[PDB]
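Visitor: Encoded as structure tokens, here's the structure I'll be asking about.
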Amino acid sequence: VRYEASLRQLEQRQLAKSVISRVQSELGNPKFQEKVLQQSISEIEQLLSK
Amino acid sequence: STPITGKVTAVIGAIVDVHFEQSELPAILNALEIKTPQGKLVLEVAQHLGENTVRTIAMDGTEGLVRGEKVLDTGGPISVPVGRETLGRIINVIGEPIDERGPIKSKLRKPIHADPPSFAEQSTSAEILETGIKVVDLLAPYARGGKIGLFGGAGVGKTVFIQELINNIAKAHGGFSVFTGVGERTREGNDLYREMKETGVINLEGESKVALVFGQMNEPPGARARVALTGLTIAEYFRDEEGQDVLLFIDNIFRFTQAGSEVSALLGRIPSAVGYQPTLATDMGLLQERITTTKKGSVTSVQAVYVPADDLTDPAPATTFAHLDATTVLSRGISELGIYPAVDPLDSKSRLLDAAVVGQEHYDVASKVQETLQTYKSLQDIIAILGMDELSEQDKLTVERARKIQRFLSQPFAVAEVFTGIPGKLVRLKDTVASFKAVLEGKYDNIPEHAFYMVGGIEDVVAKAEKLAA
Amino acid sequence: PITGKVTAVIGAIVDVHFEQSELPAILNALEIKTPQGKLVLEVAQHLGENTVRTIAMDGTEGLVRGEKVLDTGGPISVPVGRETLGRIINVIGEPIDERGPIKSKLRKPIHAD
Amino acid sequence: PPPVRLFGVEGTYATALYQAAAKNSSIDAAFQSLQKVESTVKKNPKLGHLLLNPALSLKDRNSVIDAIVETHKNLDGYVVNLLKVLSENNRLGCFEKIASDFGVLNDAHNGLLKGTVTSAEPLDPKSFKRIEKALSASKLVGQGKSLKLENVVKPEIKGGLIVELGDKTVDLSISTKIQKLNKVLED
Amino acid sequence: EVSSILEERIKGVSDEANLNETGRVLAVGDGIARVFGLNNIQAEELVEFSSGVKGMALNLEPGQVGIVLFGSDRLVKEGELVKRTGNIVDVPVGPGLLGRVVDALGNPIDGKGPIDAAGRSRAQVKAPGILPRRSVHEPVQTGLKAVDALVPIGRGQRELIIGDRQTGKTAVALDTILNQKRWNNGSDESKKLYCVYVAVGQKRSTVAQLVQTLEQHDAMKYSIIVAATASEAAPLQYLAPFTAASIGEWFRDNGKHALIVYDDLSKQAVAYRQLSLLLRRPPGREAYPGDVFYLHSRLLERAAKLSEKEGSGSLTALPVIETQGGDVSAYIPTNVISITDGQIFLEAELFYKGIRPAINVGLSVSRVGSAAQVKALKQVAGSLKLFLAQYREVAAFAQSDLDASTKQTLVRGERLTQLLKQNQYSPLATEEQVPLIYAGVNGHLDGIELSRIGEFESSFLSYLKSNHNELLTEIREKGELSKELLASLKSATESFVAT
Amino acid sequence: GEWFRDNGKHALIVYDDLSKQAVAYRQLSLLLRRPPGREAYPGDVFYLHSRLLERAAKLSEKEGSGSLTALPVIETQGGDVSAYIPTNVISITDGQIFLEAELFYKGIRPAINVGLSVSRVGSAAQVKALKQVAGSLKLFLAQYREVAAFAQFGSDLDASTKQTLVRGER
Amino acid sequence: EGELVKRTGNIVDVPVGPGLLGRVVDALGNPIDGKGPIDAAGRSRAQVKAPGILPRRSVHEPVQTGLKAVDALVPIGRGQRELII
Amino acid sequence: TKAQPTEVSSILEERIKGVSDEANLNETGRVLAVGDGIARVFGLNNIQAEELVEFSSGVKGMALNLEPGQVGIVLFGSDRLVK
């Protein structure tokens, strides 16, 4: 019963390291170029709104 | 190797400053390893002094260090290995075996610092340990998941008391235990290794029902500070992951305070009150708060404390005095009177002592015992100057009962087969309440005082009455 | 008009940096306009380099290092007269008896020989 | 009278220099020559490393100064008095510190801001222009003091960018957001 | 599920560091980040780091502002941006905190969710003036017989609770709270004292025992526990009573009454010591900060009985100081003793001697005392002070051949002492305090055997409850003991005493 | 000493007086401007003394029997072990052999303060014969101490106390 | 002042050996009683770490001081550490 | 690098400005930081040890610590008049 409850909690931490793997994918992809360009233009927009 | 290469800049003892280069700067509490002909010097990062120059505390020895020496970053608080097989290993401060049973089999590794668990996690204790030791059982019963505290000075064989506890509570208990020795003697280390190899608590064939972490006083002060944290995490693995109940044991926690005081001074933090570290409170707090009865496991710490010159008003014992659940003071004087246990009964109280909680009957009996003893101690002064002639018949009866009770408490222990030869008297709590009740009722006030001395329960007291009789 | 900017607020020990040839004297009284009304600082040192070190009389909360200061030019001058008979006045010399504003004709320095 | 107090530690030197050369209005000349002698001193690393080393005496420092005034044929005698001062004060290690600080005071007097568009990667000139337009347009920098922006590449910022100047930053680094994301998905 | 957590992160989007001032750590050691930047920064402003750590800015040094971290060192590392929250320390205040265990920041550690608090008001706020206070005239009843008569406690009043370590110091406090449930149940907000227990440096396990006991005694529904636990950081611990006071101010300001128990200021002192030492500010006498007097006094003067133009309200307070083995001389005790108006001094010998809870009323004093006391209780308790006084003197004449007068005193005194024993975690009502004391006063308990004092007490109460519940109701409602009521009461006492 | 210990031979090292070692390290620390601990003795003196002292050992008998035995000597200045150097040493050692000056004058020279002479670790090294005989020597003396205090008030003493008193005196 | 120092390059070490038996020696291991020239048996280094738990065996070898009170009341064995205070 | 009593900004400002003291300030001083009833004065280099100095406050003082960059007079009198 104890590990049965535990596995539900553990699963989220298992899924956490998979986000990290997906992070390695994002920063490798030309999401690294294109979404950084998106951040740049968005930041331009934020700074323009000041 | 690591881009995070640092060059030593100043060896000022334990304080060793390292000069990490640009764009690389280990976070506070990291662990640096420096390749040396002394293995890996482990440095605990404790400050950044800016310009990518950190100030770290050494754990291991600092002799033979050459400035500008490349420093690899292992990062984060020193991570030991934890696992099912850690039981039956004696483990040094840096998490490496010191019983030459080869490398500890790592299931998981964890950092030695771990965050205290939140209010939500805490579960309210109520379980009552029964040590089978009369003074403990009657006059200050222990509780499972507790934070028992063995305040005493030196000389009271603090380790000996714990050894009795391991023999009784540990052997009886099904859960594992962790014996942690902070800054203790290699004489004691060798004795403990031998003693628990003998008692089979350490059973080298198969596993042991205990793990050991011997940190000794020759180890440099930095290591002395951070041995406690290490031991705690091993217990956490049992508590959490293996879902066990752990009987933690630590020895002697004054060494933990003392160690921290030294490296506070070395860190340049000007010594606070009575030369104790300004971070004494928070360091104590971190240790105690980490220990708790989580839903995954109940951990019962027993922490030895050395009370310098029997002044517990000294800030280091006094600060600890608040932080611990079930205090006992083992007074030298009472030991000298020949009463073993050396516990001073009017100076030994536990949180679990609440009337109905420990049994209304138990409480009332113990209250009567306490009053009887307290009267006796006060009346000793009257006897001293005035004489025993000014004590009434009622007072005299209370005194006679107290003298009998005082030595009824005296009972032998298994670990003073070694000291003496008498085999210990494991007297159950229920039996003790009854046995003490009988005395108060005066049913065995027809038994000589010395036939109460250094013996077990009421049945035994009657038997020793027969022994003196013939 | 002697003016200075607050250049430290370590505790209630407030160091004020005053502009050139506008240096106070030891025991002078400074008044910093605050959203607390005023804060009265008394110059108890010269830290040199056109800076002084002063002590505070009123609270320290909300100080921003920069705050303009006006220097009265000497020890706090507290109202005096038979008008001051029966007036509870706090240290700055202002009613805490709340019998309205000061009615006293003259005010006089707190330090004297 | 410094534009902004860059209190002490070579900025006491910078302050002193600034007002002294401000009253002679020979700050550009001073700065340029100071920069020039420093550049060629750094590019004379024989005593551009040993300049830093504090082995030098009063007397040995004095002979270093003599070599230095061969290296630059004058330009502001207050910085030649600065050389004397530094040798006498027996520290020349932070020499460039004074120069940098003096540069800040000088170009503050001129009214120039120097910002940075730190990013993971080097950025587009279009981006530079857009940010420059945005900054001048914003009431935050309504000019009166110019804009220089230096895009720098720092891999440490793992995605996103951070614009910095005037203690006003716009930080859209993805790395920080990622840290909080990782943390929140532990349950 | 996984979705809710991810959606929470998505809710957590919004970015731009557009802040007039940011900071950059220069070096961070000892939890004292020294930041370059933050040119504009209010004094003791809350600042939020890159690591989300919160801090206060005790030292504003000319070139660098030495932030003090409320969070863990490990996360922080040099250079990191330090966003400026722009708000001096303030904590939510409002009616939501009733039956809520909150930590220093206000975050519920009992997880009863976001506070229903209607404002955030600063941690330190200047104390009520001369005219914002009216003289005390409303007593509070702790349900401890000795305290209520021997050491009468008003409302908006601060009396010390200075005594020996872990002798159930917290227990002495908790008993008062229990009697406040009875009054709490009653109407009129003056009678509704919304108690606040300020658990300072207390481990979460200990506070868990408190929380459950409070829940058991249903106290949570007016109780507030401001918690700065042992684990909680030294800034949080330092600001914990100050923060707590502000919560009290909301109730007080609304004209209501409440009781705030600061437990224990001794550990607060240690935290301030830790802060001072780490900020290198010289530590005062006995290595405890010099202006600790100023801090503690400021805190303790924010407890007061406000004037009627200030809405007739109060914040009663009961600070707890832990003696260093009964040392009442020591810089922190001496200072606090000076600040406080009243003291309660628990005596260890008495604890051992079975007066549990133990109070020594010789060393308890009230400097406001009987000015606020139940009128009924005044009538039947002048004698008691004097009787006990004599009992103290003839205590040491109790060691053979004794004069009848002394022996008579001794008998009356011993019975009284037994009567004044308190059974922990059982409070009492004034309408039942007065009969018991009346009996003793009339010396009708002189005859009652010592062993039977205990038995007598409860029996007398039941006898009164069945037979003379008219008397009890009269005592309760009149609040004064009429001669006719005292006549009848004496008769009742005699009748019960006879059996 | 280690050459003997290593060689498998038994030896004894008397360290008289370590208290002056502390003064020396104090001088060094204060002239190397490293923060000075309590009583101005260095802020790492415990480490110095502890590392020094634990070297003495009854070597493992897989590695032979050479035992260096140590006797530290801390000459208490006033007699007050709350002093930093005395506190430190007390923790380090397996036993303490408190001596009393008054008892020296009283004629128990060598003077042993037997009340404060303790061995935390306790006894097991001492001749078996001598162990048998001195079994109740401790009890007699302890009783003598209590009895002697009572005796000097000149208060009436029962014969049992005077058996103790007489025995104790001898 | 301004003097040159040439690094010896050797960590602190002492001549050790049973050759010092019956002789007084100073710190640098030169006989200050001047009983012959240095007789020893090797050199060793000043700091040497203590024998471990495994390199320890239990003490069971008495050693007696000849003072009855000392022998009786405090135990002295070969490997013991006893503080004379 | 480090802080010295000759790195004081007013002193420093004269030196950079190539101002020659001219021994005027080797026999006259100008007061610097003041308070704690002792003042640190710049110059007075021809001062005799334990001389009496006269301030412009009128207060007189005895030079105690003659230091290379400052001389530390001790004020025989109130600091109120001194600046």
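In the structure tokens, each chain is lettered A, B, ... as it comes, each chain's residues begin at 1, and ligands are numbered from 1 in order of appearance.
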Using backbone DSSP assignments, extract all helix (DSSP H, G or I) residues from chain D; output them as an MDAnalysis selection string.
Guide: chainID D and resid 11:22 27:42 45:47 59:71 78:88 96:110 125:137 139:141 174:184
Visitor: In Å to one decimal, how far is CA of residue 189 in chain B from CA of residue 99 in chain F?
Guide: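 According to the coordinates, CA of residue 99 in chain F and CA of residue 189 in chain B are separated by 28.7 Å.
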Visitor: Excluding range 16-25 of chain H and any residue of its chain fewer than 3 positions from it, enumerate the residues within 8 Å of it, using only C-alpha atoms, and give them as a ChimeraX atom specification.
Guide: /D:16-17,20,78-79,81-82,85 /H:12-13,28-30,42-45
Visitor: Print the selection's residues with N, CA and C atoms to a file, as a PDB file, in the first residue's frame.
Guide:
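Full text of again_31.pdb as output:
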ATOM      1  N   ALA D  16      38.533  62.988  -8.339  1.00  0.00           N
ATOM      2  CA  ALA D  16      39.533  64.011  -8.219  1.00  0.00           C
ATOM      3  C   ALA D  16      39.989  64.454  -9.563  1.00  0.00           C
ATOM      4  N   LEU D  17      40.294  63.471 -10.429  1.00  0.00           N
ATOM      5  CA  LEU D  17      40.669  63.690 -11.791  1.00  0.00           C
ATOM      6  C   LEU D  17      39.587  64.384 -12.543  1.00  0.00           C
ATOM      7  N   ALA D  20      39.201  68.075 -11.603  1.00  0.00           N
ATOM      8  CA  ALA D  20      40.436  68.759 -11.905  1.00  0.00           C
ATOM      9  C   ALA D  20      40.578  69.021 -13.359  1.00  0.00           C
ATOM     10  N   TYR D  78      47.521  66.481 -15.191  1.00  0.00           N
ATOM     11  CA  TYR D  78      46.863  66.063 -13.989  1.00  0.00           C
ATOM     12  C   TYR D  78      46.902  64.574 -13.963  1.00  0.00           C
ATOM     13  N   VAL D  79      46.896  63.897 -15.146  1.00  0.00           N
ATOM     14  CA  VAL D  79      47.090  62.464 -15.189  1.00  0.00           C
ATOM     15  C   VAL D  79      48.550  62.126 -15.088  1.00  0.00           C
ATOM     16  N   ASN D  81      50.243  63.823 -12.880  1.00  0.00           N
ATOM     17  CA  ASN D  81      50.276  63.925 -11.449  1.00  0.00           C
ATOM     18  C   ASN D  81      49.593  62.715 -10.892  1.00  0.00           C
ATOM     19  N   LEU D  82      48.645  62.099 -11.637  1.00  0.00           N
ATOM     20  CA  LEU D  82      48.002  60.866 -11.256  1.00  0.00           C
ATOM     21  C   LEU D  82      48.991  59.751 -11.213  1.00  0.00           C
ATOM     22  N   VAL D  85      50.976  60.127  -8.105  1.00  0.00           N
ATOM     23  CA  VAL D  85      50.127  59.782  -7.004  1.00  0.00           C
ATOM     24  C   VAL D  85      50.027  58.297  -6.840  1.00  0.00           C
TER      25      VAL D  85
ATOM     26  N   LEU H  12      43.294  64.406  -2.076  1.00  0.00           N
ATOM     27  CA  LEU H  12      43.547  63.762  -3.326  1.00  0.00           C
ATOM     28  C   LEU H  12      43.290  64.743  -4.423  1.00  0.00           C
ATOM     29  N   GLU H  13      42.297  65.639  -4.231  1.00  0.00           N
ATOM     30  CA  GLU H  13      41.917  66.590  -5.236  1.00  0.00           C
ATOM     31  C   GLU H  13      42.976  67.632  -5.393  1.00  0.00           C
ATOM     32  N   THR H  28      50.738  74.821   9.140  1.00  0.00           N
ATOM     33  CA  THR H  28      49.348  75.139   9.303  1.00  0.00           C
ATOM     34  C   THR H  28      48.744  73.825   8.922  1.00  0.00           C
ATOM     35  N   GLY H  29      47.523  73.523   9.401  1.00  0.00           N
ATOM     36  CA  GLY H  29      46.788  72.388   8.927  1.00  0.00           C
ATOM     37  C   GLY H  29      45.404  72.835   8.623  1.00  0.00           C
ATOM     38  N   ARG H  30      44.624  71.961   7.944  1.00  0.00           N
ATOM     39  CA  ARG H  30      43.212  72.139   7.780  1.00  0.00           C
ATOM     40  C   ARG H  30      42.518  70.905   8.249  1.00  0.00           C
ATOM     41  N   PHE H  42      45.196  67.873   8.388  1.00  0.00           N
ATOM     42  CA  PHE H  42      46.083  67.631   7.294  1.00  0.00           C
ATOM     43  C   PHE H  42      47.081  68.728   7.371  1.00  0.00           C
ATOM     44  N   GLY H  43      48.367  68.346   7.397  1.00  0.00           N
ATOM     45  CA  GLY H  43      49.499  69.226   7.426  1.00  0.00           C
ATOM     46  C   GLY H  43      50.159  69.291   8.762  1.00  0.00           C
ATOM     47  N   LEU H  44      50.561  70.516   9.202  1.00  0.00           N
ATOM     48  CA  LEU H  44      51.260  70.786  10.443  1.00  0.00           C
ATOM     49  C   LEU H  44      52.526  69.959  10.511  1.00  0.00           C
ATOM     50  N   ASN H  45      53.338  69.888   9.435  1.00  0.00           N
ATOM     51  CA  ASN H  45      54.414  68.915   9.393  1.00  0.00           C
ATOM     52  C   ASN H  45      55.590  69.312  10.243  1.00  0.00           C
TER      53      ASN H  45
END
Visitor: Could you find all residues in chain F that DSSP calls strand (DSSP E) from the backbone, and write them as number ranges by chain?
Guide: F: 11-15, 68-72, 95-97
Visitor: Using only C-alpha atoms, which protein or nucleic acid residues come within 8 Å of range 41-53 of chain D? Drop anything in the same chain fewer than 5 positions from it, and give the result as a VMD selection string.
Guide: chain D and resid 92 to 94
